[PDB]
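One chain is shown next in structure tokens, namely the form deposited in one PDB entry.
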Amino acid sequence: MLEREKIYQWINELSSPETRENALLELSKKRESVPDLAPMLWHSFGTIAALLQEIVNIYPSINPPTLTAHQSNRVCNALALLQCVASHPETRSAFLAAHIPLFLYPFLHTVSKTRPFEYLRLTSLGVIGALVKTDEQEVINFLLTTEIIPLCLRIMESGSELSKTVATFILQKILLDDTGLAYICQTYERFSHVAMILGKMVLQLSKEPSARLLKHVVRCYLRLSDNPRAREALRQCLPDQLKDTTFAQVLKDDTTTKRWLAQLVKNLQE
């Protein structure tokens, strides 16, 4: 009970800038052990407004890019609390309806490769990853109409291994949705841009292995091959490294990804 009272005190302490930094720090450490943290954050007065305030008050440090480690650590604690809200079945829909992801998109658009920015982007991606974890159509439709695909593709092309993995996972979830597959394959332009980036990723993976990233890349190709126009195009443009023994060793113990790859190959001859 004294543990619970500390949590309520920290939530109350988020409204005032004087006490907020410490409360962000302590609350971000409690997501793992406090199952109802998300509704308490959403339904209390001013809390979500304070988290939005933390995000917006970093905007002057984005361009030109001057974000410090301290600034990044602080806003990343606010983002971690938003991830908690985005994950919880009782608050996910209201979070989406409030369009809160839009205020994270400026972070995803940054390109600076310093550690504070890489952490900013990784943590921002995690908020989106949490949103799409349950494959809700409402979530995917919002992502589609709000143009996050180019943001993810840019990170898939040029980000850290970790950020690439989360961005590809988001793209995977979008593709797995029927609407999302249809969207990405709606024009040759949209399809070919995704395919070009996946192709570049495969080459990179052949040099610097990443099992988890390879898994998501393969799933994305497999799902694309469910679309007839994509399937035809992939017959032409599928990387040779996915056809030959390039990944045979690293895939030895990844039964799932191996199975997916074999199904991809099979789909393309059908």
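Between two forms, the rigid core is defined as the largest C-alpha subset superposing within 1.5 Å. Counting begins at 1, following the sequence as shown.
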RMS Cα shift after core superposition in 8 other deposited structures of this protein, winner of 37-45 and 54-62: 37-45
Core-superposed comparison in 8 other deposited structures of this protein: bigger Cα RMS shift among 168-176 and 129-137 is in 129-137
Tell me which stretch has the larger mean Cα B-factor in this entry, 31-39 or 45-53. 31-39
Going by the mean C-alpha B-factor recorded in the entry, which is higher: 75-83 or 155-163? 155-163
Selection by C-alpha B-factor (highest) of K207, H70, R223, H216: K207
If I read the C-alpha B-factors straight from the PDB entry, which of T123, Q137, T168, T114 is highest? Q137
Chain third (lowest, middle, highest) by recorded CA B-factor, residue given as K173: middle
Using the B-factor values recorded in the entry, state whether the Cα atom of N63 falls in the lowest, middle or highest third among the modelled residues of its chain. middle
Chain-wide C-alpha B factor ranking for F95, given as lowest, middle or highest third: lowest
Could you tell me which third, lowest, middle or highest, the C-alpha B-factor of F107 occupies within its chain? lowest
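The same protein has a further form, the form deposited with a partner chain bound, not shown here; the description that follows concerns it.
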Evaluate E118 for contact with the partner chain in the bound PDB entry, applying a 4.5 angstroms cut-off between non-hydrogen atoms, and reply yes or no. yes
Would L175 show up as a contact with the partner chain in the bound PDB entry if we use heavy atoms at 4.5 Å? no
Is there a non-hydrogen atom of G126 within 4.5 angstroms of a non-hydrogen atom of the partner chain in the bound PDB entry? yes
Taking heavy atoms only, is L122 within 4.5 angstroms of the partner chain in the bound PDB entry? yes
Full three-residue contact with the partner chain in the bound PDB entry, heavy atom 4.5 Å, for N73, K133 and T165: yes
